[PDB]
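Virtual Cβ from ideal backbone geometry, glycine too; neighbours counted across all protein chains shown. Throughout, read-outs are computed from the coordinates displayed, never taken from laboratory work.
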Amino acid sequence: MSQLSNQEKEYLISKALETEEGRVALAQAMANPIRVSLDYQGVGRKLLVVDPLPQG
Amino acid sequence: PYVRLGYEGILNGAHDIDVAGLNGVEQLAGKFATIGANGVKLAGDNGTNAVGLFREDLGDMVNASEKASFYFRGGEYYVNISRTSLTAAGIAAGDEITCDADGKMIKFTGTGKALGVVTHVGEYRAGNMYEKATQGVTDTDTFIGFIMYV
Amino acid sequence: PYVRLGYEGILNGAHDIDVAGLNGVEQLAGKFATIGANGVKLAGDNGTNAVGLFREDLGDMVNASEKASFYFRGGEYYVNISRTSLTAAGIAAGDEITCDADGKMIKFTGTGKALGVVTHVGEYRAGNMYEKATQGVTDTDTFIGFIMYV
Amino acid sequence: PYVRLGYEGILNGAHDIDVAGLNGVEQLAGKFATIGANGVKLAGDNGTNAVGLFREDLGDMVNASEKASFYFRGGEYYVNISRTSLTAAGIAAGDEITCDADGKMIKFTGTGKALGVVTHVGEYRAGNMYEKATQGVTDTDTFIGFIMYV
Amino acid sequence: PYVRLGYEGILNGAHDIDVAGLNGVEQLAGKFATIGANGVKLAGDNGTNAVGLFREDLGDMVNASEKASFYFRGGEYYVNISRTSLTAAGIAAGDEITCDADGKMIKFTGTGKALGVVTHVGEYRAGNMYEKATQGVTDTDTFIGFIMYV
Amino acid sequence: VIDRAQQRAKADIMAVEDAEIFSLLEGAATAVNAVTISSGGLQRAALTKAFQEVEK
Amino acid sequence: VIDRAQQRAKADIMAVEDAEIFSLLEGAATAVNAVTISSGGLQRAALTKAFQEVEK
């Protein structure tokens, strides 16, 4: 209450400070920094991988 | 000494909104019921409204009054079809409300004709603009907490 | 364009722009009447048209429609319909008169499609609107004499 | 998506969806897009398409969503289906419009998933804005991560 | 193969499903395709090949195979195991596929909708035969992403 | 100083005072609770949980 | 960055765009990490497991 005699206003305002400075915090769910990155030249990748080796 | 007016300290009872006129049916293009008209729960101005009348300021939420009275738009002043408000904040049932637009009895607030500006207690008073659009009953001088048929 | 001399007639209803009660979307914002135009009775006493097309001004005054047979720009159809179901009333000298917009049923004629009521001044129904697209099915079970929702 | 490339260009809505005679505030009921004048098209002319969010005005009129540094108006926000246009989802302004929450699919800036709001400059965007209120119901068809009808 | 009974995205009939032997081989869990549909594409042509004609390679790899310029097999050319495609290009709807021989249903694609032709873009296409070979025993009747029997 | 903290969190408002911050904020995080784990443990367990959230 | 993470981890077997763990994976034996009824025990057990493959 802005009176001692009882009345309120709620929509009439002045001297705003820290308006539109809110956020919504987001939990980490990255994988890009967790693998290694290197620059490369080419327009596609060819990869070779080894399969199960014989044993016994 | 010391007397509250509006803001949930006045009791305006309850009134029936399915009384007078044609009565539509339950459908969408409604809006939400809360205290505050752009506010949040437990923070809202309030007229002498009970059941009937509530005007959006920001968002698609309603509670009583608040919106320039030079131009009323949205399809009527919004009325309730087949739920009767159980608060005296004007509307603030806490549900999504399906609204209508048939002729339907309302509760008014503020002295004199609405054709003015908004008082930030939840009322209409005369502004610098005159011969602006009125609400409900015409030809008849309206006062604070009159019962109008739209 | 600019047609309709004097008062409106009585033909297949003629109140709530032909019989139907208070349905559709409404507003019912009253506001004062200036003298009509574009039929007879331009000045002095009663107006032009008695339940036909009326048009809102930009100071929130109401008079006979000043607009006719414009194409390729937006809609706008305003009628002056009083508060009570099955009553509609026209402009007079002075006094606050409650107006409405469409959301009433009208009567169509022809085999075309109504996309609304006549572009020109006056009338309380759609004509045979060749002045609007015939294209696509707008209001189901289209035939001559059928009651169309505007 | 099918052999030799998936979807591209505009994609077909539902045509001739006719909704009429409603008692409430919905945009579904045959009613106008108004900017001012007298509506569009001659006989045998076919509409265009326009997607975005529209807002109900005074009487039984709709117009485009603008700002948020001005008042929120009318019920739910909706996107336009066809019933005069023979082409896709959409309508040309100054017709009777049925809207839906389906507008599939004409691209325009951002997306419409989980309700839509109006931004503070007047673009159309998706939720969630308020979590304490219910905004215009436009629940879009699956089409995400790519430009689309809001 | 050589029995007329085609039609379907997956028939359970004979020479339409293998699971070891029977003019083609199937693994008991598949191998994943690094060319063609394997996971769900929502666009893209996925490289060359969309008409079948793959070879399974060592470990969990499926890879390219194709026909030299100016030739067509008189024998049975490779096709995949018969799948639907909810994906742009590939035969698979994001499944892990194995290679077979003739007797399995594929999707064809192109600019025609008459009998099959041979292209040396490493695909076969829909054309009209006149000097270029047709594809499948029930020819090519494709409307793009129709299930044709090989 | 005491009364101010009470109204601000929540302590019964009559729609005449500042909003009830404690109500509006994030519900109970079931994840923290390892099922039949000590109360003191809960307070330790929660502190880390806010760091995962990316809130100071 | 996230969309990259989202493919990279999971997408109904992918290796026509971003190689993902699940497509690539061979073997996996829960028995080696023992069996536990506490989230922590599995996590303690887990750190060691990469060392068996001959990966640090």
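Across the identical copies, the label point of F:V54 (7 Å from Cα in the Cβ direction) is separated from its matches by 3.9 nm, in order from shortest.
Going by neighbour counts of Cβ atoms within 10 Å, the residues C:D95, E:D57 line up, fewest first, as C:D95, E:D57. All Cα-Cα distances of the stretch E:1-111, cut into 5 Å bins from zero to the largest, leave 2, 13, 22, 26, 20, 12, 4, 0 percent in each bin in turn. When the pairs C:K107/D:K31; C:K67/D:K41; B:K31/B:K113; B:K67/B:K107 are compared against a 22 Å limit on Cα-Cα distance, B:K31/B:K113 fall above it. Among B:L53, B:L115, B:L22, the largest mean-square fluctuation in a Gaussian network model of chain B, built with springs joining Cα atoms closer than 10 Å, belongs to B:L22. Just checking the listed ones, D:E131, D:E66, D:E76: in the Gaussian network model of chain D with Cα springs under 10 Å, the one fluctuating most is D:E131. Distances, shortest first, from the label point of B:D95 to those at the same position in the other copies read 3.7, 4.2, 4.8 nm; the point lies 7 Å along Cα to C-beta.
For the pair F:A5 and F:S23, label points projected 7 Å from Cα toward Cβ lie 2.2 nm apart. Counting every other Cβ atom within 10 Å of each residue's Cβ, D:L42, F:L47 order from fewest to most as F:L47, D:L42. Extending 7 Å from Cα along the Cβ direction at C:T34 and again at G:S39 yields two label points whose distance is 7.2 nm. Dipole magnitude for the protein assembly as shown: computed about the Cα centre from +1 point charges on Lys and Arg Cβ and -1 point charges on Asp and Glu Cβ, it is near 1160 debye. Its DSSP H runs of at least 4 residues, each contributing -39,500 (n - 2.57), put the calculated 222 nm mean residue ellipticity of the protein assembly as shown at -1500 deg cm²/dmol, to the nearest 500. Summing charges over neighbours of C:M61, with a neighbour being any other residue whose Cβ is under 9 Å away from its Cβ, gives -3 when K and R count +1 and D and E count -1.
With the charge dipole of chain G set up from +1 on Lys and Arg Cβ and -1 on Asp and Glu Cβ about the Cα centre, the Cα lying farthest toward the positive end among the listed residues G:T36, G:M14, G:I2 is that of G:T36. The trypsin sites (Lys or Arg not before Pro) found in the stretch F:1-44 that occupy coil by DSSP, while having at most 15 further C-beta atoms within 10 Å, are F:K10. Each 5 Å bin from zero holds the following percent of Cα-Cα pairs in chain F: 4, 15, 18, 15, 16, 16, 11, 4, 0. The Rg/Rh ratio for the stretch B:52-150 is 0.93, where Rg is the radius of gyration of the alpha carbons and Rh is the Kirkwood radius.
Between the alpha-carbon centres of the stretch D:1-31 and the stretch C:94-150 there is a gap of 24 Å.
Computed across the stretch B:103-150, the Kirkwood hydrodynamic radius from all distinct Cα-Cα pairs reaches 10.9 Å. Could you identify which residue out of B:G39, B:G24, B:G75 has the top mean-square fluctuation in a GNM of chain B using Cα springs shorter than 10 Å? Judging by the Gaussian network model, the answer is B:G75.
Give, as a single signed number, the net charge of other residues whose beta carbon lies under 9 Å from the beta carbon of C:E123, with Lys and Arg counted +1 and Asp and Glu -1. With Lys, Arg at +1 and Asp, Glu at -1, the neighbours total +1. Rounded to the nearest 20, the Cβ-based charge dipole of the stretch C:15-150 about its Cα centre (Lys and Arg +1, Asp and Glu -1) stands at 320 debye. With the convex hull constructed from alpha-carbon coordinates only, the protein assembly as shown shows a mean projected area of 47.7 nm² over all directions. By other beta-carbon atoms within 10 Å, ranking A:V36, D:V137, F:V35 with the fewest at the front produces A:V36, F:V35, D:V137.
Taking label points 7 Å from Cα along the Cα-to-Cβ direction, B:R4 and F:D12 give a separation of 1.2 nm. Where does the charge balance sit around C:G112 when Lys and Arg score +1, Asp and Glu -1, over other residues with C-beta under 14 Å from its C-beta? The answer is 0. With label points defined 7 Å past Cα in the direction of Cβ, position B:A14 shows copy-to-copy spacings of 3.9, 4.7, 7.7 nm, given to one decimal and shortest first.
Restricting attention to the stretch D:1-100, close to 80% of DSSP beta bridges with both partner residues there are antiparallel. Between the C-alpha center of the stretch D:48-67 and that of chain A there is a gap of 34 Å.
When you restrict to C-alpha pairs under 8 Å that are six or more residues apart and normalise by the size of chain B, the relative contact order lands at 27 percent.
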